[PDB]
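mind folding the following:
(chains A and B, ligands or ions: 5)
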Amino acid sequence: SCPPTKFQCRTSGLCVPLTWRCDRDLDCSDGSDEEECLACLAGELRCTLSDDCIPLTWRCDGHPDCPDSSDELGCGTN
Amino acid sequence: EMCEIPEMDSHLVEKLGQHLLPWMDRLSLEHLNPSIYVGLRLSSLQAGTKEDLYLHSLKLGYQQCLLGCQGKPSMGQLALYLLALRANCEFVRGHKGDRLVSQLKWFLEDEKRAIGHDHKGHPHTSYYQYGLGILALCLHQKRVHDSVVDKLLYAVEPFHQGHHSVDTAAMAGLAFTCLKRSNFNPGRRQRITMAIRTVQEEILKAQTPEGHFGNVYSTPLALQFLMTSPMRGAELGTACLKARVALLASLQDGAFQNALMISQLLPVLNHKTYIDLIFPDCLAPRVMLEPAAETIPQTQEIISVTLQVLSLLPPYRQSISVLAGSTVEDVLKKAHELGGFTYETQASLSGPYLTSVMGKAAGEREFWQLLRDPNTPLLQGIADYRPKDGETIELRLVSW
Ligand code: CNC
Ligand SMILES: [Ca+2]
Ligand SMILES: [Ca+2]
Ligand SMILES: [Ca+2]
Ligand SMILES: [Ca+2]
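Numbers count the residues shown, from 1 in each chain, chains lettered A, B, ... in the order given. Ligands and ions are numbered 1, 2, ... in the order given. Below is the structure:
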């Protein structure tokens, strides 16, 4: 009921891009989209498994700012 | 005492909502407005199934443009999109959600760096957006470092540099309130508490003899902040009743045409604020808005407006004839059609923002200010202010 280059949410007619099909995120209310499936600056720290740098203050702040969530891992600290 | 705004006439509220209603069908990214969605969800009014499509469009646009678009949204607008999620009882989530959060956190970190350890440097955007960003993250229970909060604290605390509007102080106060209610930044808890009181006092001291806080369009956000906490020692109740009187007069005189302004006022009229997005009540009953059946029409009178720009050599000054009821933007269009005048605008949540005049674009900490005679800044933008016959409109490049 609407175009190609794009997947549809089955249980409520809303239509979403194909970059979201099988991408671990629940973009559809029903969840159909998941079923048939460099230097760092001073004061920054590098994400373990990638190129990314984040500020040191993002370490252990309760949110995974690194793709591999490495900034929140050793975070049951003292 | 508490800041209470007794319920206004339902008819009067309904006609405000009907101004928002046409925007529910304007889903192009240049017109998508997260503040409109938020204002409506917090109101006593609803647009039914149109709302769901609107949120869907917001999610499509913001997530594709910022992660994957014609003039994609700003970080400040991303913050308001986060408020929109709360308005639907959602927390920002998933891999796409996590990335959006970190982008907003980067915005705050960059502004912190721009401000500097000294606090002389300005943010690249405003302290309004700085506060809005902290609020948006806090509403989703996302934490920012004390060093980030410190810049907002210093901006309002005693002996602060610069001067902030009522709007900016109110937005800061809302951010501080969310931090305090969430018990975030405990190492700044006393300063956050003191800053809230500071903002309260400065807003009360900015109340005009008419009753507005600063001006008619600052009053909605100011009231949102004042409604969130008691203010012992002060006569907050009296101040807020006087504001209602001022607000009522302004409403009955057609002051609120702009959709963003309405979206900031509607929560107040429903006894709600952005702080209600911590524990949203999404299923509270709301009255279905129907399109105002309405013959608008049409003027028969011609008016002439003088348009002038003295900020450029050679200067511009021309008398422009338009239909009565035309906006400043109509005057600009007509001037362009007559030849010898050009200008540029860019889209914003408040409507068209004037960015360039006769080839001259506003630079850093500069803008094209709109004035009427005599030397009086407009309280509305080019698409909302409707000049009277014989008026002189000036475009002036100013630094701030
Ligand atoms: C900061 C600020 C504020 N401003 Co100015 C003030 N003082 N503003 C802008 C500044 C922007 C620049 C900057 N670096 O931030 C500043 C000082 C240059 C600007 C300009 C003035 N502002 C003006 C007014 C009247 C509006 N502004 C507000 C949005 C008043 C705001 C207060 C408020 N209650 O909202 C305000 C505090 C916060 C806006 C914001 O960041 N929102 C969040 C953001 C995420 O949304 P946004 O849509 O993407 O933001 C953009 C727009 O708001 C645009 N913009 C800013 N003001 C306006 C006004 C209009 C009418 C339009 C169409 C766009 C803008 O600038 C922002 C981009 O950085 C408004 C409530 C303020 C008020 N209480 O009086 C009011 C607006 C009243 C209304 N009926 O809609 C001026 C028209 C004054 C004048 N006579 O010239 C003028 C705009 C002229 C023009 N060239 O078109
Ligand atoms: Ca998905
Ligand atoms: Ca983190
Ligand atoms: Ca207006
Ligand atoms: Ca300049």
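
going forward, measure contacts between C-alpha atoms and count neighbours the same way
Noted.

what residues sit buried inside stretch B:250-258?
For stretch B:250-258, burial by neighbour count (16 or more other Cα atoms under 10 Å in any protein chain shown) applies to B:251, B:255-256, B:258.

who's sitting farthest from the centroid in chain B?
Distance from the C-alpha centroid of chain B, by Cα atoms, centre = their mean, peaks at residue B:314 (35.1 Å).

three-state assignment of that residue?
At residue B:314 the chain is in coil, as set by DSSP: H, G, I helix; E, B strand; the rest coil.

show me where chain B has its strands.
Residue ranges of the strands in chain B, as given by DSSP state E, are B:45-46, B:287-288, B:302-309, B:316-323, B:343-346, B:353-357, B:360-361, B:366-372, B:376-377, B:392-399.

kindly report the same for chain A.
For chain A, the strands defined by DSSP E occupy A:6-8, A:15-17, A:44-46, A:53-55.

could I get the ones you listed as a markdown table with mean neighbour count?
As requested, those are exported to a markdown table (neighbours: other Cα atoms under 10 Å in any protein chain shown):
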| stretch | mean neighbour count |
| --- | --- |
| strand A:6-8 | 17 |
| strand A:15-17 | 18 |
| strand A:44-46 | 17 |
| strand A:53-55 | 18 |
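
now check stretch B:360-380, is it near ligand 1?
Yes - contact between stretch B:360-380 and ligand 1 is present through B:367-371, B:377-380 (criterion: Cα under 6 Å from any ligand atom).

buried subset of those, written for ChimeraX?
Those of the residues of stretch B:360-380 next to ligand 1 that count as buried under 16+ other Cα under 10 Å are selected in ChimeraX with:
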select /B:367,368,369,370,371,380
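
adding distance to residue B:319, write the residues of stretch B:360-380 next to ligand 1 out as JSON lines.
Shown next, in JSON lines, are the residues of stretch B:360-380 next to ligand 1 (distance: Cα to Cα, whole Å):
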{"residue": "B:367", "distance to residue B:319": "24"}
{"residue": "B:368", "distance to residue B:319": "20"}
{"residue": "B:369", "distance to residue B:319": "19"}
{"residue": "B:370", "distance to residue B:319": "17"}
{"residue": "B:371", "distance to residue B:319": "16"}
{"residue": "B:377", "distance to residue B:319": "20"}
{"residue": "B:378", "distance to residue B:319": "19"}
{"residue": "B:379", "distance to residue B:319": "22"}
{"residue": "B:380", "distance to residue B:319": "21"}
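
let me know the closest of the residues of stretch B:360-380 next to ligand 1 to chain A.
The shortest approach to chain A among the residues of stretch B:360-380 next to ligand 1 belongs to residue B:367, at 32.8 Å (Cα to the nearest Cα).

distance check, that closest one against residue B:165.
Distance from residue B:367 to residue B:165, counting by Cα to Cα, to the nearest Å: 16 Å.

again with residue B:380
16 Å.

same check on residue B:263?
19 Å.

neighbour count winner among these two?
The residue with more neighbours, out of residue B:263 and residue B:165, is residue B:263; 26 against 16, by other Cα atoms under 10 Å in any protein chain shown.

from residue B:293, how far out is the more buried one?
21 Å.

for residue B:343, same thing?
Counting by Cα to Cα - residue B:343 and residue B:293 are separated by 35 Å.

tell me how far the most centrally placed residue in chain A lies from residue B:93.
In chain A, the residue lying closest to the centroid (Cα atoms, centre = their mean) is residue A:67, at 7.1 Å. Distance, residue A:67 to residue B:93, by Cα to Cα: 14 Å.

how about residue B:341, what does it touch?
B:335, B:357-358 (Cα atoms under 8 Å, 6 or more residues apart in numbering or on different chains).
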